[PDB]
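To start, the structure itself, in structure tokens.
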Amino acid sequence: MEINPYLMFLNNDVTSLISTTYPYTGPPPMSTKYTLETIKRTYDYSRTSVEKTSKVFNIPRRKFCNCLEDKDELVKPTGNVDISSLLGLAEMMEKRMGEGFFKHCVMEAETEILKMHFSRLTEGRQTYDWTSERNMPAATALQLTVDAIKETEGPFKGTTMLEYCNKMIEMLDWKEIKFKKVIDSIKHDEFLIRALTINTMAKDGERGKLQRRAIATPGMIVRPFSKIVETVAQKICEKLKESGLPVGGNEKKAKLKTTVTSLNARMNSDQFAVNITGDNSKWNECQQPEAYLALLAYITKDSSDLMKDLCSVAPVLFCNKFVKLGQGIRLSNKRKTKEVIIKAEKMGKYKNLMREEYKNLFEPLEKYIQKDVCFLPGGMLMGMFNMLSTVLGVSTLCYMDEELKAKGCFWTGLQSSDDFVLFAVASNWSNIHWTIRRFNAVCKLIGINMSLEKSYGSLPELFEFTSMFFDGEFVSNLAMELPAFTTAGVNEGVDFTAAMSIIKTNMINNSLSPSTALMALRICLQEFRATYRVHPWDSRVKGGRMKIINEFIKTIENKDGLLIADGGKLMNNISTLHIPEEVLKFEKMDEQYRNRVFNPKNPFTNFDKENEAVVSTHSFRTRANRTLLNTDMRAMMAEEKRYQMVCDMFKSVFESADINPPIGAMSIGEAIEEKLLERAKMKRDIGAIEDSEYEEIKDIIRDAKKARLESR
Amino acid sequence: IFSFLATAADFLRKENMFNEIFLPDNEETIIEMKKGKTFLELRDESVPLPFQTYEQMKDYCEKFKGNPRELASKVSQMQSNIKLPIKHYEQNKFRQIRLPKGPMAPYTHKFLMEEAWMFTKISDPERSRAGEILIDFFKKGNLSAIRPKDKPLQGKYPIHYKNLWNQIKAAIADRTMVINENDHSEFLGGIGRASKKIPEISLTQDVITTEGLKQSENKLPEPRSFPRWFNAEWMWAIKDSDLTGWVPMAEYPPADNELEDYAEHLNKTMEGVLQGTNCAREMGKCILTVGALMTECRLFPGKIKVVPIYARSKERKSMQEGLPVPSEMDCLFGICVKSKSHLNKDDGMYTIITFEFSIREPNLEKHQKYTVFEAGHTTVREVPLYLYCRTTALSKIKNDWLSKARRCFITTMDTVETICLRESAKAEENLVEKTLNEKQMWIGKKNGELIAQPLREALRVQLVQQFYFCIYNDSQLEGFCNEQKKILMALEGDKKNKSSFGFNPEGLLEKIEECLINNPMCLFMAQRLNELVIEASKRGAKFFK
Amino acid sequence: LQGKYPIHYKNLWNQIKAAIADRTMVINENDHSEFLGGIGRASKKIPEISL
Amino acid sequence: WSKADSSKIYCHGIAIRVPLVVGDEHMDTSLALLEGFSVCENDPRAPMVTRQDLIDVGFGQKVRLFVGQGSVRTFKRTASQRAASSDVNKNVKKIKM
Amino acid sequence: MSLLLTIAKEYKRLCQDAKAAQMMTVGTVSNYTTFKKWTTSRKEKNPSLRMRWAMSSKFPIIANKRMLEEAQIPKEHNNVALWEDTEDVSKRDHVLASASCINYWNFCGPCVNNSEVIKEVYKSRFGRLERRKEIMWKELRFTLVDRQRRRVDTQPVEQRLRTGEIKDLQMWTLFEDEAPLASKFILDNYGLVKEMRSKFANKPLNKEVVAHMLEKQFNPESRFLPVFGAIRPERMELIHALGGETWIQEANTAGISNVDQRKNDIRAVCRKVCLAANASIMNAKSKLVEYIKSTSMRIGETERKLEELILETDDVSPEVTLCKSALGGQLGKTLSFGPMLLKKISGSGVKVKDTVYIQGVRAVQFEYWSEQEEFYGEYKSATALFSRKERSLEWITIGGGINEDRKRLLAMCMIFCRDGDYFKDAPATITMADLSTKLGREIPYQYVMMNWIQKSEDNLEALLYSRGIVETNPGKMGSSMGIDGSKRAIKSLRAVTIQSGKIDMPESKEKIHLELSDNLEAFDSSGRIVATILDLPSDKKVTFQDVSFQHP
Amino acid sequence: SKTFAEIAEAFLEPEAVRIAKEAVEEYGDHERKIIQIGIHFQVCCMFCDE
RNA sequence: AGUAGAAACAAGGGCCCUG
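Set out below in structure tokens:
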């Protein structure tokens with residue numbers, strides 16, 4: 001016999017089995037060629053040849069905005085924009101939402117941008133340092149930038165975001181910058221290019237669209253302005269119903285269902301509806317920051333004169349951005365015994381010993397190129413601006429005209445980033461087609477293209493949106509979250525409760541069935557027992573932990589109160605997923621074991637900080667890597683160790699430093715001194731202290747104060 | 153006053169607003185972005201074309217008024233120079249998929265499944281580690297009874313394999329699962345075949361002319377043909393294995409309400425049905441062998457080791473008659489060997505070697521990479547013996563994901579419970595056992611006719627599908643399974659008389675057929691999808707023959 | 305100190321005080337009493353003919 | 676009344692909030708004294724003390740003290756029962772004329 | 001003690017340096033927070049992988065050293081290692097160890113005197129457990145469920161607070177020496193603090209953990225979830241084990257957590273005081289504010305001020321709304337038209353004037369909105385989604401489960417939109433007396449027709465007849481509503497759609513600061529009315545327990 | 002949050018909030034100055050003290 | 001040799017260490 005599983009798709013639906021296709025049960029798969041092709045496609049998509057010359061860098065600057073040419077194969081992507089249409093659509097959207105809308109949003113944003121501390125830039129994905137020219141986390145990059153500022157002119161007394169932005173601005177006009185290293213200094217032009225510089229990362233953690241195989245990583249001189257723009261964009265998007273970017277899960281489902289009901293209720297008897305599943309292409313390669321600049325200027329027209337200047341920064345910076353070529357080419361001989369490695373800055377030299385493809389792709393991009401960088405004056409990148417593009421897109425679904433009503437035609441829908449859903453209505457197919465072509469045209473006028481292969485249509489109730497297929501019912505893919513049914517990798521106490529919580533959320537939202545949840549529970553339990561090299565007592569397994577387990581087990585009288593990490597069995601089920609085991613066994617443990625576990629004096633316990655879990659000896663912290671031990675990355679550890687000593691001493695004095703953020707007009711030394719004297723008196727009055735000890739402490743403290751104030 | 157001011161100051165300091173901004177003096181009442189010189193020079197340079205200074209753009213945007221007529225005119229103009237095609241599938245049907253042409257796709261999985269032969273023994277709880285069982289099986293003499301010959305049926309470098317097998321036997325005899333670095337192992341382990349570096353600072357035009365150092369010409373994979381051995385494996389992995397308990401599983405907790413009782417009952421049925429198959433023993437084999445290999449790679453790098461390919465199971469349960477309380481069993485399918493898994497970084501590669509036992513002669517098309525030897529005879543009566551040998555590699559990522567191969571159970575349970583609950587709700591009655599024993603599901607074709615069997619027996623097909631997805635996972639299969647959904651949605655539209663349409667299906671077919679290369683699973687599923695659309699054309703439109 | 309369903313008893317005591325305050329010994333809501341009266345026996349019933 | 680809530684007095688069901696100026700045997704912290712203290716102009720002559728000796732001061736006296744973190748002030752054991760609600764509402768209504 | 005002297009010596013040594021001195025001298029203390037981030041920064045992509053790759057090692061854990069020496073923790077107990085003298089690179093005061101040592105500690109390690117304090121630390125979760133234990137399960141059945149999505153609370157919590165009120169409470173219960181100035185919330189809530197302090201005093205504990213647990217103990221976890229049946233936190237915490245899309249585990253959970261009683265009592269008190277202040281004619285505003293501040297109530301054991309509870313709850317009722325408005329309390333954008341509930345989804349408009357003749361010729365001004373708008377509506381066990389257009393009810397859809405509720409919702413919707421001829425020519429039955437001004441306070445024709453409907457069912461039937469009636473076309477038979485509220489008929493009303501399955505309640509995390517008039521009618525930056533005193537029951541007598549009306 | 006007025010309402014009386022709001026609207030200055038003015042105003046009030 | 005993909009590994013740092 002010959003086998004074919006797809007045959008089940010005849011006598012059964014398709015949504016209730018679509019999960020079977022997703023191969024998320026196996027390992028997923030993992035430069036310069038990609039980047040060069042991307043640069044090429046970006047230039048190419050702009051359908052023009054006009055260029056200017058930057059008096060700053062003296063470089064050709066292709067201008068792609070309101071300069072459309074080469075109107076052939078328009079079905080293909082285009083990155084040219086007509087600002088007039090953009091502003092018209094924005095005006096129509098405002099008219100729909102009412103007056104005083106954009107102003108209200110920018111006001112809500114300014115209400116936060118001002119009070120924000122400049123330390124919230126540490127949170128986020130990696131960034132590109134502008135001194136070592138590598139991708140470090142944000143905290144270290146901020147530290148290094150501050151230290152450089154201080155070593156150049158003086159310490160940064162600022163405590164908010166605005167002062168940091170003004171300092172950055174000023175630093176774009178200096179003439180000599182210093183910074184630490186195994211203490212090199214640089215000039216204005218080099219620092220400028222190195223600041224506008226941008227790097228790439230091949231993380232693409234999520235599978236999602238395999239086309240996504242990279243992501244951007246700007247510097248530190250572009251983060252706050254980007255945050256400002258994203259904040260205003262968020263405050264705008266949240267007000268709209270035709271957007272689903274910030275929300276997640278049930279929200280967009282409810283949106284779609286209400287939209288469908290409204291649609292079915294509006295259309296008369298002589299009308300019929302249609303759906304479409306769209307997947308835009310080259311999203312991050314057609315969106316232009318110049319249109320964003322004009323749009324933000326149109327928005328910040330009635331608000332204060334302050335927001336007008338801030339929002340206008342990140343656009344021009346992305347309009348004058350540089351890209352980073354990574355790792356260069358690799359050379360080799362025939363037998364491949366030897367192998368030479370080369371970097372980007374050198375490819376301009378050995379451009380003859382490369383494949384003809386690289387030559388055809390590289391020589392054209394030799395004028396836009398500088399040392400290991402290319403001057404991309406436009407385009408965009410992944411993750412940089414998602415919400416703003418979503419706003420720009422939603423402006424289309426709001427369109428309306430006299431022709432659409434002369435035929436009784438109108439469209440609506442719902443759009444997220446590069447993924448939308450359309451609902452067209454008309455009285456005949458000849459008009460449906462015309463409506464769809466009109467929509468495509470209006471989207472083409474603002475660089476929003478559409479993929480003709482990944483996009484398809486059908487009658488109303490059949491579509492998909494972000495891996496969620498929709499019909500009369502709602503099909504939870506249930507494979508999108510399969511990896512979550514795994515031990516996080518934090519500690520023993522936690523992973524089990526976290527897994528149970530995830531299972532509960534699935535059962536609530538994703539309609540996960542009971543028996544499936546039980547199976548997942550048992551599987552996660554087995555994986556937990558296997559990872560930490562632990563097994564039950566009744567088992568016969570041998571090894572390190574199990575040895576002492578079987579040794580001291582005799583002291584116990586009720587194993588039902590034991591923990592899994594200490595040779596305990598499972599006591600939990602569906603009706604007990606919202607209850608950690610530690611709580612479920614507390615009433616049966618042995619006082620000895622109970623007290624030896626829940627003791628605050630543990631050489632292991634560390635706090636992590652959601653953290654819906656119990657604390658005990660099992661809540662440990664893992665060892666730290668040591669590969670850096672050999673690398674000479676030690677000079678940087680010095681300042682970190684200094685800050686750590688300072689912080690831990692301050693905390694030794696003030697125990698609530700972490701819980702309640704400190705505040706006041708005193709410095710650190712003043713508060714420390716005063717508190718120490720206070721405690722000394724408080725004790726010597728009643729507690730076990732002598733006048734000699736008090737006087738010695740006081741002398742030491744005054745001497746330390748003198749030294750502190752004398753050093754500088 | 154002082155009290156009020158103190159409270160207010162504390163609040164502000166808590167809100168970070170205790171600064172000149174919110175509490176300025178008379179003079180410092182004008183806060184503004186310190187617009188420098190360079191920033192302005194750029195801003196006046198990034199303006200769109202018609203404007204040349206940010207001031208003009210600001211004046212045009214702050215006063216922009218809507219003129220719907222010119223907008224509609226440009227819309228129509230752009231709508232005429234485009235000519236967007238619209239294609240209802242009913243008129244423009246989908247052609248069949250064009251698979252590549254060439255030789256057949258051979259076996260790729262590291263371990264053998266159908267052709268595998270194993271030696272079994274009884275398990276003692278004391279001796280449970282691998283380094284122990286590999287000796288226990290060694291004492292009885294069968295593992296040592298083997299003695300291949302220098303004449304291979306097929307393959308290459310047989311001398312290296314033979315010497316490696318002899319060294320393995322010697323090491324086992326020494327009670328030390330270790331091997332020395334000789335020329336043979338060095339050749340099979342890729343010890344010194346890592347490229348040598350040559351800086352450019354030390355390079356001249358003269359150095360390049362001596363030995364050509366051109367840019368490496370990447371040799372992308374080559375195409376293949378449809379494999380004819382896949383259906384055999386699929387049909388073999390559906391039958392029992394004479395034992396069960398191949399895949400370890402945890403215990404069932406207590407129950408208090410009907411819900412947990414139902415869940416436990418259904419889970420027990422499914423687990424008992426699945427644990428008896430052959431795919432299950434392969435899953436357990438992979439689990440345990442990969443665990444052992446990962447442990448070794450973590451503890452004993454820079455050292456060639458010896459790890460067995462084994463599994464644990466339990467003989468089936470007959471009636472109370474005869475010997476009750478059936479025993480357990482340790483099974484051994486072959487030997488495995490690693491080579492200096494210095495996993496400095498994820499995605500790395502550590503070459504392993506596989507010595508497996510079989511009793512079935514090979515095929516050149518399928519067992520192309522293997523190098524078989526004629527060993528001797530073994531009992532059951544006596545039968546000849548073969549020794550399949552090859553080389554491959556692994557990574558941290560693959561090891562981890564293969565060890566977590568119990569997800570197929572979850573997916574299958576989800577699908578089945580969904581079907582049963584959906585059928586039970588439409589009637590408001592417990593219809594689960596009936597749905598498992600009665601509801602029929604298409605499986606395949608035989609003699610040009612369709613075949614069906616209850617879901618209770620079709621679960622195995624979905625399980626094997628998931629297992630293979632876990633095994634043959636790659637970028638090719640990813641793209642395929644991502645691009646096939648459109649076809650299924652079009653099919654559904656055809657079933658419900660929904661007049662579907664599209665813009666460019668040919669491009670979709672092209673994209674699909676682009677990622678079909680030398681990966682058996684993609685080819686098999688594509689041929690089966692073609693057969694699906696064909697069989698449905700007898701009942702639906704939108705498909706060409 | 306030692307008991308089984310303390311919350312029911314406590315809420316019922318509060319309801320008792322409330323009722324007495326209202327000068328009527330009656331208790332309108334029937335959630336706790338129903339429970340504590342049905343703990344002995346409470347279930348559905350299927351006709352033999354539907355078997 | 677009850678030792679649990681030592682800041683209330685129940686008369687005929689009605690409740691009465693007793694100020695927190697002095698602490699008897701039951702009250703066992705500075706919490707019962709805070710409504711007797713208030714802030715005043717800083718005086719470096721007055722002494723600096725703890726939160727426990729704070730009970731041994733005389734009504735109408737001044738004393739320096741440390742509060743929370745990085746902050747020192749001067750307090751006086753004299754209260755001010757008035758609030759801001761009325762002092763603002765009244766003065767406002769006197770402006771709409 | 002000697003430790004104090006050691007800390008002083010360390011401070012001196014640290015000040016001897018120059019950089020440490022500069023940083024401890026410049027700026028304020030807040031900089032500490034910043035310094036807390038530049039240090040100890042290291043993450044990992046797939047911690048699961050690295051955890052299986054590390055636990056496969058010999059000593060993957062770190063631990064303190066002196067704590068082990070003092071605890072007499074040996075090494076190589078029974079030929080199995082536990083740790084070896086070394087120094088981690090980050091801490092520099094910790095030593096590598098293995099997981100087995102933890103078991104050693106748990107089995108033959110130092111024991112504390114008592115540990116029942118845990119039950120107080122995690123009281124919320126022990127409460128979950130107990131609430132579970134006091135349940136009486138029931139049979140299981142299979143069927144389809146009408147699961148509506150909405151924002152609700154999943155954590156039962158008493159005395160729900162804000163964050164500013166919680167941050168001080170933690171400090172005053174654990175770190176009193178480091179306490180700030182006394183805030184009003186403390187001086188008011190003294191007994192509460194005393195209670196929370198009596199338990200966590202003179203105990204060996206890690207305090208950060210306690211603070212986190214208290215935050216959880218005072219946080220109602222608000223979620224947007226699908227829901228079926230009654231709405232109570234006691235259920236939502238385990239909703240996962242009560243029913244899904246296809247199954248239901250029946251169970252009675254009515255007699256637990258005594259929550260909604262507090263809310264209904266609060267709303268009753270609000271209604272009472274609102275009526276009281278309405279008795280006035282020129283100062284009902286100040287009268288109401290005085291009645292508020294002159295009142296308190298008991299919660300469990302403690303006595304709380306009314307104005308304090310009102311600003312913490314989220315009961316969207318036409319009574320609570322008024323109070324929260326008088327006290328300047330911000331609130332959500334939720335409407336109220338009589339008993340029904342409403343929420344605007346989109347659209348706009350502006351007021352407009354019109355008149356109607358009551359009997360013969362008696363001109364009476366009534367306003368409406370001149371634009372298209374869309375509204376969600378929720379009455380008892382019934383939902384609706386409709387649109388108004390220039391004094392007309394354009395369309396409406398319903399997903400309820402009752403005929404009576406359906407009809408009442410439809411009628412109140414028609415009224416809210418001034419749709420029909422009655423608003424063009426009122427009926428003879430109404431007169432100038434029923435018009436308005438019980439004692440001078442006018443009444444718009446809207447609420448007039450409202451009470452006219454609530455009076456007799458036949459007024460409601462006539463009002464429904466005011467809506468167009470036609471013959472049920474084929475196919476739409478299922479999506480049709482008769483006069484009785486039947487899912488199908490031969491002749492049904494005009495522009496109506498029915499369906500099985502409630503409507504998904506919208507959501508918006510917005511807040512607005514509104515005001516009100518001397519007649520107790522709130523406005524929201526527009527001529528729209530969100531609440532009044534005509535949308536609540538007329539009056540009723542109730543005996544409030546544990547309350548203090550300290551006002552003449 | 003979401004506006005300086007709501008913030009000022011946290012520790013100030015809404016009356017002075019509205020007052021300072023109308024004032025800044027009169028002078029048409031940046032509404033971030035609602036706070037200072039309210040404080041000054043409230044001080045004046047608590048100065049008069051009947 | 002081999003892996004896998006549209007580039008990387010087939011140890012790396014100073015005789016010693018390390019994931």
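Chain order of the listed sequences is A, B, C, D, E and F.
For the first sequence, the positions run 1 to 30, 35 to 186, 211 to 637, 652 to 754 when PDB author numbering is used.
For the second sequence, the positions run 153 to 532, 543 to 707 when PDB author numbering is used.
Whatever position you read off the third sequence (first residue = 1), add 304 for PDB author numbering.
Whatever position you read off the fourth sequence (first residue = 1), add 675 for PDB author numbering.
Oh and the fifth sequence: position 415 is 415 in PDB author numbering, straight run, nothing missing.
Whatever position you read off the sixth sequence (first residue = 1), add 1 for PDB author numbering.
Note that beta-carbon positions come from the ideal geometry of N, C-alpha and C, so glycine has one too.
- [ ] Return the first residue and the last residue of the beta strand (DSSP E) that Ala384(E) is part of.
- [x] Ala382 to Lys389
Open item on the list: So with CB distances below 8 angstroms, who are the chain E contacts of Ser682(D)?
Closed with: Ordered by position in chain E, the residues that pass the 8 angstroms Cβ test against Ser682(D) are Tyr190 and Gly191.
Open item on the list: If contacts are defined as beta-carbon pairs under 8 angstroms, then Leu450(A) and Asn303(A) qualify, I think. What distance do you get, rounded to the angstrom?
Closed with: 7 angstroms
Open item on the list: Restricting to runs no shorter than 4 residues, where is the alpha helix (DSSP H) found entirely within the stretch 393-431 of chain A?
Closed with: 415-425
Open item on the list: Run through chain F and tell me which residues come within less than 7 angstroms of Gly328(E), C-beta to C-beta.
Closed with: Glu10 and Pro15
- [ ] Using a cut-off of 7 angstroms between C-beta atoms, extract the partners of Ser713(D) located in chain B.
- [x] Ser155
Task: Own chain partners of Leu612(B) with C-beta closer than 7 angstroms, once the 5 adjacent residues on each side are dropped - done: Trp604
TODO: Please classify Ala81(E): does DSSP put it in a helix, a strand, or coil?
DONE: In the three-state scheme derived from DSSP, where H, G and I count as helix and E and B as strand, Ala81(E) is classed as coil.
- [ ] Pull up the distance between the alpha-carbon of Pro474(E) and that of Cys582(B), whole angstroms please.
- [x] 35 angstroms
Task: Interface flag, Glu7(F) vs chain E, CB-CB below 9 angstroms - done: yes
TODO: Verify the CB distance criterion: does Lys107(A) have a CB-CB separation below 9 angstroms to chain B?
DONE: no
Task: Within 9 angstroms, strictly: CB atoms of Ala97(E) and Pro631(A) - done: Yes, they are a contact pair.
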